[PDB]
Amino acid sequence: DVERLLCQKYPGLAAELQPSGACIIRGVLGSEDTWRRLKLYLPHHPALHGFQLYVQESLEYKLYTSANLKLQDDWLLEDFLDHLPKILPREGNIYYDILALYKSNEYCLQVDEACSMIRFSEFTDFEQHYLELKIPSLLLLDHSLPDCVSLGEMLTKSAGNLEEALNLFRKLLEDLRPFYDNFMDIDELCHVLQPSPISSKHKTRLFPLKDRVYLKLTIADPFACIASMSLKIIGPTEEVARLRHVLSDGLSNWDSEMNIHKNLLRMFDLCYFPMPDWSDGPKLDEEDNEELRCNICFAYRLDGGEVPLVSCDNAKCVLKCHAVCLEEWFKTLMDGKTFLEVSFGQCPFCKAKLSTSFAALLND
Ligand SMILES: OC[C@H]1O[C@H](O[C@H]2[C@H](O)[C@@H](O)[C@@H](O)O[C@@H]2CO)[C@H](O)[C@@H](O)[C@@H]1O
Ligand SMILES: [Au+]
Ligand SMILES: [Au+]
Ligand SMILES: [Au+]
Ligand SMILES: [Au+]
Ligand SMILES: [Au+]
Ligand SMILES: [Au+]
Ligand SMILES: [Au+]
Ligand SMILES: [Au+]
Ligand SMILES: [Zn+2]
Ligand SMILES: [Zn+2]
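The rules behind these values
Residues numbered from 1 in each chain as written, not as in the entry; some residues may be left out. Chains lettered and ligands numbered in written order. Heavy atoms only, no water. Donors = N, O, S within 2.8 Å, 3.2 Å for Na, K, Ca; no water. Tetrahedral: all angles 85-135°; square planar, octahedral: opposite > 155°, others 65-115°. Buried < 20%, exposed > 50% of the residue type's maximum accessible area, 1.4 Å probe, protein only. Disulfide = S-S within 2.5 Å. Salt bridge = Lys/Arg side-chain N within 4 Å of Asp/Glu carboxyl O. Helix = DSSP H or I, 4+ residues; strand = E, 2+ residues; numbered from the N terminus.

As deposited, the entry is annotated with X-ray crystallography as its determination method and 3.200 Å as its resolution.

1. Brief notes about the coordination of the zinc ion (ligand 10)
Summarising the metal site, the zinc ion (ligand 10) is bound by the protein donors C294 (SG), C297 (SG), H322 (ND1) and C325 (SG), whose distances to it range over 1.8 to 2.5 Å. For the zinc ion (ligand 10), the four donor atoms are set out with angles of 72 to 163° between them, so the coordination reads as irregular. On the basis of relative accessibility, which here comes to 31%, the residue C297 falls in the partly exposed class.

2. Quick notes on the state of the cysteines
Enumeration over the complete set of coordinates arrives at zero disulfides. Note on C190: no disulfide assigned, nearest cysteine sulfur contributed by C271 at a separation of 14 Å. Accessibility expressed as a relative area gives 3% for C190, which makes it buried.

3. Points about the pattern of salt bridges
Per the stated rule, a full pass over the model turns up 14 salt bridges. Salt-bridge contacts for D175 lead to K171; the nearest nitrogen and oxygen are separated by 3.1 Å. Of this pair, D175 and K171 both sit in helix α5 (residues 162-175), four residues apart, roughly one helical turn. Residue classification places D175 among the partly exposed positions, given a relative accessible area of 29%. For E327, the salt bridge goes to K331, with nearest N and O atoms at 3.1 Å. Taken together, the residues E327 and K331, both in helix α9 (residues 327-334) and four residues apart, mark about one turn of the helix. Taken together, the shared-partner salt bridges connect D125, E174, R177 and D181 into one network.

Dropping the structure here:
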């Protein structure tokens, strides 16, 4: 309807309606030699009067009402938009600054040819982390840290010179040690199945709790490590059902003076998590049916390191599956309604109960 006109003529605007018969348009409107950040309130869409335009003049938003700004008596939204852009009214040296930072025991600083970009790395106590900026922009290129962090935004607003940038970054690193430290133990003492290749960026970890039962740890806010912590039990219906109670209790009894790993051991009454060990002897014995490969894709490991973990309650149904290879089945089954309303579906193979706890492997 209106996002139509917004799509063809204004790709940088987002028209959000309200059930309150109103309409808010935010986004960017542009002319050939200028653009503005914009927020337009329209109390009476499609009538313009009573309009409330917020244009970012610099640091703050400037407000335009009918008193502020004068429209035409006949204009519609379109008219108002393609008209709007015309009606609205020591410095130190960076190369020196690089040389200033070049030598240091706390990080190696690398300069690209033509010095178009620089890269900090091998940070002390965070040797895995790195930061790349454009020169002399100081525009954020690549970097470690979960992608959900608004580092770019932080830099532009809070970092004036190269040194200020470096430090803002090392600041977050310190802020992030609890997040990182916490995954330290889980990575070394648990058998982490996904992410296949673990990186400074991943806010997640999936590992086995016991035979047939996986536990997926996920940390929404890397700065609010435990506040944003979240556990999900994945496995056969009854195991899931059973363990879900343990989980609740475990959280209620959370020992704040213990990290997540040890707190999980506490939670599930284990002195250690299941993990491959030389003491398992040589496998061979058992020779799990040669087919551990999905069973739909006929692949074992996907381009993203996904692995066949899905399995019905029926011990006798040899047959596993990548969650994504079954993504629709999981959504066409439990569409909307929560998984306690829908615990399972039918094993498309033996018909057995198939826990919908696996849908948890989706999305991410
Ligand atoms: O007798 C089995 C085994 O128990 C312990 O080994 C554990 C190990 O501590 C963990 O990594 C766990 O995930 O699996 C291993 C095998 O059960 C003992 O430490 C080990 O010496 C012993 O053989
Ligand atoms: Au568009
Ligand atoms: Au709208
Ligand atoms: Au140098
Ligand atoms: Au280096
Ligand atoms: Au984030
Ligand atoms: Au934590
Ligand atoms: Au033990
Ligand atoms: Au359907
Ligand atoms: Zn698959
Ligand atoms: Zn089955």
